[PDB]
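In the form deposited in one PDB entry, a lone chain appears below as structure tokens.
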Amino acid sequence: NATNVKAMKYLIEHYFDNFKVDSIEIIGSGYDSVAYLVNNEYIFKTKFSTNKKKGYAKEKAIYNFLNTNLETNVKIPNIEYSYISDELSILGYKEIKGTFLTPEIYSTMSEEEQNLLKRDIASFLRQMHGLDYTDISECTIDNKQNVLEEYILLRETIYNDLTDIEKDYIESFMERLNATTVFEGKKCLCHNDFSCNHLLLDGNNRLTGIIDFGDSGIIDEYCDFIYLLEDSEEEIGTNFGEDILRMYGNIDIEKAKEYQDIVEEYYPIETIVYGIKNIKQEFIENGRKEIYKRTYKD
């Protein structure tokens, strides 16, 4: 563990001239990134060359747009340090203090505390979804079209070596993709990874901050409800997302659920595709196995 930290301490001090690292520890990690807490005060998100090429660039542009344009008491990252190159990206900002929302914590809250948190969330999403996004119009994401392109990449690579059961799962998804209407609604700026491990609470169990707008863009309004609607051990549950949808208002709940259900069905294929693009066999295997788990669950 000691070695990662030394290397990143060196890089931080090297690229940010007057910055002195008195302490540094690993605070989280993704498949291709590592985040560090520095001087018990700064978060530094870091990445070495992936399929970002412009990964931390977009994320930084989104923080800069949001810090200019949001009116909210909810805190988000405000970038003070950035280094962006092809081979290395680093973003630093002051750590937002608080406690991440979990299902356990939620279950200890009174009904009223739960209501007020749901309202805070609905309010934040209403404010962000309502922004005029002209000044960030580069950050458009078309999920349907992305899936089509990923399907083509599958066809060009490993599709012919998949099993019949795997192929059928994929084709059955594509048929559903082609029949759905859930990509034809309102587009807006969405966080696009809006799960409870990105939501911070203050000492009264109210929403105090939101992190990791790394996947944000102009996309279907339904996107920001995918995790709030998810029924799993990591998320609070379907009722939570429904109530939030009612508070948010002017949105078709049944289509939001259809959108989540389609995204969930896509997951094993998304996983396979990630493995192909990043040359990681392990993801290809995991996604294929998951197709069997889902096929046999009923």
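If you superpose the two forms and keep the largest set of C-alpha atoms that fall within 1.5 Å, you have the rigid core. Don't overthink the numbering: it's just position in the shown sequence, from 1.
The form deposited in another entry exists for this protein as well; it is not shown, and the discussion that follows is about that form.
Looking at CA displacements between this form and the one not shown with the core superposed, a shift of 2 Å or more is confined, among 243, 261, 252, 32, to 32. The Cα shift for residue 67 between this form and the one not shown, taken after rigid core superposition, is smaller than 2 angstroms.
The Cα shift for residue 232 between this form and the one not shown, taken after rigid core superposition, is smaller than 2 angstroms. Once the rigid core is overlaid between this form and the one not shown, residue 23 does not reach a Cα shift of 2 Å, moving by less than that.
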